[PDB]
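Below you'll find the structure, written out as structure tokens, and then a few comments.
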Protein chains: 2
Amino acid sequence: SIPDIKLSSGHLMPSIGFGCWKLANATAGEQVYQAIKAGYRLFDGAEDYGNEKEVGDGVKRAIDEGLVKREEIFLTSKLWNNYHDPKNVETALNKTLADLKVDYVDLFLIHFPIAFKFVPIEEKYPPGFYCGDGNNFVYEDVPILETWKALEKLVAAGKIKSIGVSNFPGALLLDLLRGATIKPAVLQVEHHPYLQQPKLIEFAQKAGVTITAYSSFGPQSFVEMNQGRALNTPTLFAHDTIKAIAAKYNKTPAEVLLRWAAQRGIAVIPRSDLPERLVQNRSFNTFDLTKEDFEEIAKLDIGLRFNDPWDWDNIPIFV
Amino acid sequence: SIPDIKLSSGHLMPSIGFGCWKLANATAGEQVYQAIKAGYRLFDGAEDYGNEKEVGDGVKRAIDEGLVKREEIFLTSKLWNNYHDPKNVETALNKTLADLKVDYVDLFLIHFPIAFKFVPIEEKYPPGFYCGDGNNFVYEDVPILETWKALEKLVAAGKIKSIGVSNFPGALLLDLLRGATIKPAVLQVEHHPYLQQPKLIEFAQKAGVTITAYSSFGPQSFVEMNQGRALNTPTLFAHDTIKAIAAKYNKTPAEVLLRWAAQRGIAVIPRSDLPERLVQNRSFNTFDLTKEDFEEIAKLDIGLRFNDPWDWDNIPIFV
Ligand SMILES: NC(=O)c1ccc[n+]([C@@H]2O[C@H](COP(=O)([O-])OP(=O)(O)OC[C@H]3O[C@@H](n4cnc5c(N)ncnc54)[C@H](O)[C@@H]3O)[C@@H](O)[C@H]2O)c1
Ligand SMILES: NC(=O)c1ccc[n+]([C@@H]2O[C@H](COP(=O)([O-])OP(=O)(O)OC[C@H]3O[C@@H](n4cnc5c(N)ncnc54)[C@H](O)[C@@H]3O)[C@@H](O)[C@H]2O)c1
């Protein structure tokens, strides 16, 4: 019932996944296990989330019960910023493999086109914004392509099935495609009605790159983190346009928000934090949005970005 | 006196220049010569403008009369898109050198982070959007850094004094700063009240990269091209905000648009097509805009871009 998308790498990827950001370490295992019982097979993780051991526990618990086999589970992870230097990429990936308790990860993405100064895993892990010098941000001169080549070698070694990037603007993706031997199979970016970036989506899809949307519910995820920008933003759940469309099809605003992406070939990985939401978030492909629906939703676009490195240390990624 | 900006390269660059885009071949020489008589020293040229031979004629004449020494003239040229492949870089720069009739150019910029398929100079020059296959666009897999390294060698070889980029968004500029040995001394971008990109400007200036603005008069130069977007755009010259400020100081709207950039450390290169414009376009630094003036002009920013490769062939540079 959950459609798969064939990636450029030849591997299938579930179009609907389970987000693991802000998934508390204490109950992450149980929640992953429950998600698997509810039918989820793709888990979107990241070294930065610091809960890869638990995610690992959940998957293993499901495997040991005979519910699923490793091959039916799609595990996504992401190379954090301090590990872009080629000599540290495998180190970081091994940490991920060890925590997840697997021989390979299905998708490994460059979390951000940002290279923080390397911080040994034994000193702090996950490092987050720590760059080895108090509260100061420190960067290292590592071109993206260098990192990508290190990733390509790890695909050859069998440690990763497919590789991709996250938070890459068009200019940067274009350039990477110029020096890439294995084409980035996935582009994962913030995508919701307030930040539609239709041209980036079009370019990427036409390039054979698969889009995975994050923060499909817009400001919600950031409101939970008390971010001022998200708090000041009218929610998509209560937006007149989203509610009217939801009423038109007798669906929920959340379902419309996920379908809006799904119907255009974009993969989603909503964060489900309630049993009810677990079900709702994988049962929205029960209707089709019309051309007029898309045009109405299109008006919501205002280039409002919630996940922006500009906010951390004026990193010009999206300027 | 036209103030100078010290580039990161150590060389001085006039803060006010003479644009050479659309400068007619038949009169380009005389026009540059007159500009030199009027005091201009920097000339913003480009292989794509198809008039470097004539721009050179103009400079040579000024020198042959003892008006100025090569030492005093600042020549900027740009590497066109068909010449990114490293093996074609020096040949393109040579063609530029011969045309301008000089041993070196003061500034050589990668015109666009776009790499068209090579087209021999003898087959067509300038090639423009021609890629060797009728009206089709054909690209080469040459990462920016490969092109940049070629440029660096040419600096070592004494054929270029300073190198830089043009039409580079922040993420791409950042990645390049990670691979460059010689840092980009200049970032030349479309810049006017409808496309202010304040964060990009901020980022670049803090990195020591000098900003050179083009199309300081907004839709104006593109209207001269019968461009739809520019034709449907209220002119900056008749905009209430600009009109009001100009009146307040008894200045023309054009002087306010030029000072708006200058006061912020941004170099300008207006296209002067009339003797009086020629003089005025280099004499506007006689007043300062106030904090409020800047605040009023800031409200004009709508990220409206007139020079976008997305229009050529949906090239994702600015998405
Ligand atoms: N690569 C990146 O930079 C990046 C950044 C952010 C998130 N991600 C990934 O993508 C996922 C995106 O999720 P997100 O955390 O941004 O948030 P969403 O997935 O934006 O969900 C945000 C919040 O809305 C609520 N919600 C979820 N389903 C709902 C429903 N059916 N009805 C009402 N409310 C509902 C929950 O409270 C949840 O915390 C993450 O978990 C993570 O795996 C990646
Ligand atoms: N790197 C790039 O991509 C790029 C792109 C466009 C232009 N440029 C450069 O920057 C220069 C300026 O751009 P435009 O885009 O040519 O220039 P503007 O500086 O956009 O000038 C456009 C027009 O305004 C008019 N004008 C000039 N001075 C005036 C005045 N005082 N009062 C009223 N009208 C006036 C003229 O008709 C002129 O053609 C170019 O000549 C070129 O060298 C670079």
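Lettering and numbering for the structure tokens are positional, with chains as A, B, ... in the shown order, residues counted from 1 in each chain, and ligands counted from 1 in the shown order.
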Alpha helix (DSSP H) positions in region 98-243 of chain B, given as a ChimeraX atom specification: /B:98-100,144-156,170-179,198-206,220-223,228-231,240-243
Do me a favour and pick out the residues of chain A within 9 Å of chain B, using only C-alpha atoms, as a ChimeraX atom specification. /A:113-114,140-145,168-180,197-200,203-204,310,314-319
Please, can I see chain A fitted onto chain B by all in-order Cα atoms (least squares), as a compact mmCIF listing (two decimals) with C-alpha atoms, in the first residue's frame?
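What ended up in selection-v1.txt:
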# COMPACT_ATOMS: atom_id res chain seq x y z
CA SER A 1 38.03 61.83 -6.90
CA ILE A 2 36.92 58.24 -7.79
CA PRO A 3 37.70 56.12 -4.71
CA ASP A 4 39.67 52.94 -5.17
CA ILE A 5 38.86 49.73 -3.34
CA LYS A 6 41.73 47.53 -2.21
CA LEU A 7 41.00 44.00 -3.43
CA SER A 8 41.92 40.86 -1.48
CA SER A 9 44.65 40.36 -4.09
CA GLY A 10 46.40 43.57 -3.00
CA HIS A 11 45.55 45.46 -6.22
CA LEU A 12 43.46 48.63 -6.26
CA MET A 13 40.21 48.71 -8.23
CA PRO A 14 38.28 51.89 -9.12
CA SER A 15 34.92 51.91 -7.33
CA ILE A 16 33.24 53.46 -10.35
CA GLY A 17 33.69 51.96 -13.81
CA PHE A 18 32.39 51.95 -17.39
CA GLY A 19 30.08 49.10 -18.49
CA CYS A 20 30.71 47.63 -21.96
CA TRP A 21 27.69 45.31 -22.41
CA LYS A 22 25.59 46.29 -25.41
CA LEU A 23 28.29 48.77 -26.38
CA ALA A 24 28.03 48.77 -30.17
CA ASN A 25 31.19 47.61 -31.98
CA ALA A 26 31.20 50.48 -34.47
CA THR A 27 31.58 53.23 -31.87
CA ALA A 28 32.91 51.33 -28.88
CA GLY A 29 36.47 52.57 -29.42
CA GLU A 30 35.50 56.23 -29.56
CA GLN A 31 33.20 55.82 -26.56
CA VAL A 32 35.93 54.15 -24.49
CA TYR A 33 38.36 56.90 -25.47
CA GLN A 34 35.81 59.57 -24.44
CA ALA A 35 35.15 57.77 -21.16
CA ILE A 36 38.90 57.87 -20.50
CA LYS A 37 38.93 61.59 -21.29
CA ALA A 38 36.09 61.97 -18.79
CA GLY A 39 38.17 60.30 -16.09
CA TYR A 40 37.08 56.66 -16.22
CA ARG A 41 39.86 54.13 -15.64
CA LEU A 42 38.08 50.78 -15.12
CA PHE A 43 36.34 49.15 -18.07
CA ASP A 44 34.06 46.23 -17.40
CA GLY A 45 34.25 44.01 -20.45
CA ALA A 46 33.51 40.41 -21.42
CA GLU A 47 34.31 37.96 -24.17
CA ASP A 48 30.54 37.64 -24.62
CA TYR A 49 30.17 41.33 -25.48
CA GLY A 50 32.14 40.77 -28.67
CA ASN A 51 33.62 44.24 -28.52
CA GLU A 52 36.96 43.61 -26.84
CA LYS A 53 38.98 44.61 -29.94
CA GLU A 54 37.25 48.02 -29.90
CA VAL A 55 37.55 48.46 -26.17
CA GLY A 56 41.19 47.65 -26.87
CA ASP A 57 41.31 50.29 -29.61
CA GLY A 58 39.92 52.94 -27.28
CA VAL A 59 42.42 52.25 -24.53
CA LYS A 60 45.31 52.11 -26.98
CA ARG A 61 44.27 55.39 -28.58
CA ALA A 62 44.32 57.02 -25.15
CA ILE A 63 47.69 55.49 -24.33
CA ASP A 64 49.25 56.60 -27.62
CA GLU A 65 48.13 60.21 -26.93
CA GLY A 66 49.86 60.16 -23.58
CA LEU A 67 46.54 60.58 -21.76
CA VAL A 68 47.16 57.49 -19.64
CA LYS A 69 49.54 54.56 -19.25
CA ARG A 70 48.53 50.90 -19.27
CA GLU A 71 49.12 50.69 -15.52
CA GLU A 72 46.51 53.39 -14.76
CA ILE A 73 43.79 51.50 -16.63
CA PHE A 74 41.90 48.68 -14.95
CA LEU A 75 40.60 46.18 -17.50
CA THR A 76 38.02 43.62 -16.42
CA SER A 77 37.02 40.73 -18.63
CA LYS A 78 35.08 37.53 -18.20
CA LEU A 79 35.62 33.87 -19.17
CA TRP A 80 32.53 32.88 -21.17
CA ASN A 81 30.61 29.64 -20.56
CA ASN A 82 32.08 27.46 -23.34
CA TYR A 83 35.56 27.89 -21.93
CA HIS A 84 35.35 26.33 -18.46
CA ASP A 85 37.29 23.18 -19.31
CA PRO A 86 40.84 23.81 -17.99
CA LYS A 87 42.44 22.99 -21.33
CA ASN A 88 40.47 25.85 -22.91
CA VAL A 89 40.73 28.57 -20.27
CA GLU A 90 44.11 29.98 -21.41
CA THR A 91 42.89 29.80 -25.01
CA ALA A 92 39.97 32.05 -24.17
CA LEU A 93 42.11 34.41 -22.09
CA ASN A 94 44.67 34.73 -24.91
CA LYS A 95 41.84 35.66 -27.27
CA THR A 96 40.87 38.38 -24.75
CA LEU A 97 44.48 39.56 -24.37
CA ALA A 98 44.95 39.66 -28.14
CA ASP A 99 41.73 41.60 -28.71
CA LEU A 100 42.46 44.06 -25.88
CA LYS A 101 46.05 44.35 -27.05
CA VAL A 102 47.61 43.94 -23.59
CA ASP A 103 49.90 41.52 -21.77
CA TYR A 104 47.51 41.02 -18.84
CA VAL A 105 43.98 41.85 -17.68
CA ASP A 106 43.46 43.32 -14.23
CA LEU A 107 40.42 41.21 -13.40
CA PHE A 108 39.20 38.02 -15.04
CA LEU A 109 35.92 36.59 -13.75
CA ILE A 110 34.08 33.34 -14.36
CA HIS A 111 31.13 34.94 -16.14
CA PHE A 112 28.61 32.29 -15.00
CA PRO A 113 28.81 29.05 -12.96
CA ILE A 114 27.71 27.34 -16.18
CA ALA A 115 29.73 25.20 -18.57
CA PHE A 116 28.54 25.10 -22.17
CA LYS A 117 30.13 22.51 -24.43
CA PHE A 118 33.35 23.90 -25.93
CA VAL A 119 33.14 25.62 -29.29
CA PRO A 120 36.44 26.36 -31.05
CA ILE A 121 37.06 30.08 -31.46
CA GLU A 122 37.48 29.67 -35.22
CA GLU A 123 33.97 28.23 -35.56
CA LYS A 124 32.10 31.03 -33.82
CA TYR A 125 33.24 33.91 -31.65
CA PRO A 126 31.88 35.06 -29.39
CA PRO A 127 29.65 31.94 -29.22
CA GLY A 128 26.91 33.29 -26.99
CA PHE A 129 24.41 30.47 -26.42
CA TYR A 130 25.75 28.42 -29.32
CA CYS A 131 26.84 25.02 -27.99
CA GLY A 132 27.95 23.32 -31.20
CA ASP A 133 24.63 21.75 -32.11
CA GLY A 134 22.16 24.05 -33.83
CA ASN A 135 19.93 25.85 -31.31
CA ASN A 136 20.41 23.16 -28.65
CA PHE A 137 22.06 23.91 -25.36
CA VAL A 138 24.84 21.40 -24.62
CA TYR A 139 26.84 21.29 -21.40
CA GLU A 140 30.11 19.73 -20.27
CA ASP A 141 31.00 18.15 -16.94
CA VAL A 142 33.48 20.69 -15.58
CA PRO A 143 33.34 21.43 -11.84
CA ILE A 144 33.85 25.05 -10.93
CA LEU A 145 37.06 24.36 -8.94
CA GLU A 146 38.67 22.83 -12.01
CA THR A 147 38.05 26.09 -13.83
CA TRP A 148 39.28 28.09 -10.88
CA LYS A 149 42.55 26.21 -10.66
CA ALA A 150 43.17 26.90 -14.33
CA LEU A 151 42.63 30.56 -13.46
CA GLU A 152 44.99 30.44 -10.52
CA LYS A 153 47.73 29.11 -12.82
CA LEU A 154 47.17 32.03 -15.17
CA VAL A 155 47.60 34.46 -12.27
CA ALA A 156 50.93 32.78 -11.51
CA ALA A 157 51.89 33.10 -15.18
CA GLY A 158 51.27 36.85 -14.93
CA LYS A 159 48.38 36.99 -17.40
CA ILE A 160 45.80 38.13 -14.78
CA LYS A 161 46.30 40.35 -11.71
CA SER A 162 43.15 39.43 -9.80
CA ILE A 163 40.48 36.79 -10.41
CA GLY A 164 36.86 36.64 -9.32
CA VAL A 165 33.46 35.22 -10.09
CA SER A 166 30.19 36.56 -11.41
CA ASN A 167 26.66 35.36 -10.83
CA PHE A 168 27.58 33.01 -7.97
CA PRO A 169 25.00 32.41 -5.20
CA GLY A 170 26.17 32.06 -1.57
CA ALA A 171 26.34 28.25 -1.39
CA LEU A 172 28.56 28.12 -4.47
CA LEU A 173 30.86 30.95 -3.35
CA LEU A 174 31.22 29.26 0.06
CA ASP A 175 32.24 25.96 -1.57
CA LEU A 176 34.70 27.64 -3.96
CA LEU A 177 36.30 29.38 -0.98
CA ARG A 178 36.87 25.88 0.39
CA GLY A 179 39.13 24.76 -2.46
CA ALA A 180 40.56 28.08 -3.60
CA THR A 181 44.23 28.90 -3.06
CA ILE A 182 43.83 32.44 -4.38
CA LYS A 183 40.58 33.72 -2.89
CA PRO A 184 38.12 35.14 -5.47
CA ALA A 185 38.76 38.84 -5.17
CA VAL A 186 35.40 39.87 -6.56
CA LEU A 187 31.75 38.82 -6.66
CA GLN A 188 29.87 40.61 -9.46
CA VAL A 189 26.10 40.26 -9.27
CA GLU A 190 22.87 41.91 -10.34
CA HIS A 191 22.21 44.47 -7.62
CA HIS A 192 19.48 47.09 -7.47
CA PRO A 193 16.61 47.98 -5.10
CA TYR A 194 14.37 45.27 -6.55
CA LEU A 195 17.02 42.57 -5.92
CA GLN A 196 19.05 43.56 -2.86
CA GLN A 197 20.21 40.13 -1.66
CA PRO A 198 21.49 41.75 1.62
CA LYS A 199 22.62 38.41 3.10
CA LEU A 200 24.76 37.47 0.12
CA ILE A 201 26.36 40.95 0.19
CA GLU A 202 27.02 40.64 3.92
CA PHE A 203 28.51 37.20 3.69
CA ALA A 204 30.77 38.12 0.76
CA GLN A 205 32.02 41.36 2.28
CA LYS A 206 32.69 39.68 5.62
CA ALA A 207 34.68 37.09 3.62
CA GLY A 208 36.95 39.80 2.24
CA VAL A 209 35.36 39.48 -1.23
CA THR A 210 34.59 42.74 -3.05
CA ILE A 211 31.15 43.30 -4.57
CA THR A 212 30.65 44.87 -8.00
CA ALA A 213 27.02 45.60 -8.78
CA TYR A 214 25.66 45.24 -12.33
CA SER A 215 22.37 46.61 -13.68
CA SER A 216 22.31 49.22 -10.90
CA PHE A 217 19.37 50.78 -12.75
CA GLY A 218 17.32 47.63 -12.58
CA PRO A 219 14.92 46.89 -15.49
CA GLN A 220 16.23 49.67 -17.72
CA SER A 221 19.02 47.68 -19.28
CA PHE A 222 16.61 44.86 -20.10
CA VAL A 223 13.82 47.11 -21.33
CA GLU A 224 16.26 48.09 -24.09
CA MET A 225 16.37 44.43 -25.02
CA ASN A 226 12.60 44.23 -25.06
CA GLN A 227 12.46 41.76 -22.18
CA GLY A 228 8.85 41.29 -21.06
CA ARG A 229 9.65 41.10 -17.33
CA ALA A 230 11.62 44.35 -17.28
CA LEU A 231 9.00 46.11 -19.44
CA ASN A 232 6.29 45.11 -16.92
CA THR A 233 8.27 46.52 -14.05
CA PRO A 234 7.73 50.07 -12.75
CA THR A 235 11.05 51.92 -13.25
CA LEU A 236 13.31 52.92 -10.37
CA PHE A 237 13.69 56.37 -11.94
CA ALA A 238 9.96 57.03 -11.53
CA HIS A 239 9.54 55.19 -8.20
CA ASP A 240 8.08 57.40 -5.46
CA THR A 241 10.68 56.28 -2.93
CA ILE A 242 13.68 56.99 -5.15
CA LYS A 243 12.33 60.35 -6.32
CA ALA A 244 11.52 61.54 -2.82
CA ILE A 245 15.04 60.73 -1.62
CA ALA A 246 16.48 62.38 -4.74
CA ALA A 247 14.41 65.50 -4.02
CA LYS A 248 15.50 65.47 -0.38
CA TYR A 249 19.17 65.84 -1.36
CA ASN A 250 18.63 67.75 -4.60
CA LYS A 251 20.20 64.90 -6.55
CA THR A 252 18.88 62.80 -9.39
CA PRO A 253 17.22 59.41 -8.93
CA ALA A 254 20.12 57.88 -10.91
CA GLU A 255 22.66 59.40 -8.50
CA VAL A 256 20.71 58.00 -5.54
CA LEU A 257 20.63 54.56 -7.17
CA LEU A 258 24.40 54.53 -7.61
CA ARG A 259 25.10 56.08 -4.20
CA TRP A 260 22.88 53.49 -2.54
CA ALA A 261 25.40 50.88 -3.64
CA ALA A 262 28.55 52.99 -3.33
CA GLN A 263 27.97 54.03 0.27
CA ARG A 264 27.95 50.37 1.25
CA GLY A 265 31.30 49.59 -0.33
CA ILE A 266 29.82 48.14 -3.51
CA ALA A 267 31.56 48.99 -6.78
CA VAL A 268 29.50 50.18 -9.72
CA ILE A 269 30.03 50.02 -13.46
CA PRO A 270 27.06 51.87 -14.94
CA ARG A 271 26.48 51.78 -18.67
CA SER A 272 26.88 55.42 -19.84
CA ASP A 273 25.43 55.99 -23.29
CA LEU A 274 25.23 59.80 -23.39
CA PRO A 275 27.93 62.40 -22.76
CA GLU A 276 25.78 63.77 -19.96
CA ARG A 277 25.36 60.37 -18.33
CA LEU A 278 29.13 59.83 -18.54
CA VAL A 279 29.57 62.75 -16.15
CA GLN A 280 26.53 62.12 -13.97
CA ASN A 281 27.48 58.47 -13.35
CA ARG A 282 30.86 59.31 -11.76
CA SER A 283 29.81 62.37 -9.74
CA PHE A 284 27.23 60.96 -7.28
CA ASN A 285 29.26 60.74 -4.04
CA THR A 286 28.26 64.24 -3.01
CA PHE A 287 25.87 63.26 -0.23
CA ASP A 288 25.17 60.52 2.32
CA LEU A 289 22.03 58.42 2.58
CA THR A 290 20.78 58.17 6.16
CA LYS A 291 19.74 55.06 8.08
CA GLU A 292 16.10 55.93 7.40
CA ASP A 293 16.87 56.36 3.69
CA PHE A 294 18.33 52.86 3.58
CA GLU A 295 15.28 51.47 5.41
CA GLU A 296 12.92 53.12 2.92
CA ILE A 297 14.86 51.81 -0.08
CA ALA A 298 15.09 48.43 1.59
CA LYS A 299 11.32 48.07 1.17
CA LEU A 300 11.71 47.93 -2.60
CA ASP A 301 13.36 44.53 -2.38
CA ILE A 302 11.19 41.84 -3.95
CA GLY A 303 13.77 39.40 -5.30
CA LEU A 304 13.00 40.46 -8.88
CA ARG A 305 15.77 39.14 -11.10
CA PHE A 306 16.30 40.28 -14.66
CA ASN A 307 19.42 38.33 -15.62
CA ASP A 308 18.46 34.72 -15.07
CA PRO A 309 19.83 31.60 -16.80
CA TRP A 310 16.56 30.00 -15.80
CA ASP A 311 15.19 31.98 -18.72
CA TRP A 312 17.68 30.50 -21.18
CA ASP A 313 17.23 26.78 -20.56
CA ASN A 314 15.95 26.32 -17.00
CA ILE A 315 19.50 26.40 -15.58
CA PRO A 316 18.94 26.25 -11.74
CA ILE A 317 21.60 28.82 -10.83
CA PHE A 318 19.33 30.94 -8.67
CA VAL A 319 16.81 28.36 -7.48
When DSSP works through the backbone of this structure, what residues of region 161-255 of chain A end up as strand (DSSP E or B), shown as a list in words?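 Restricting region 161-255 of chain A to strand (DSSP E or B) produces residues 161, 162, 163, 164, 165, 166, 186, 187, 188, 189, 190, 192, 195, 210, 211, 212, 213 and 214 of chain A.
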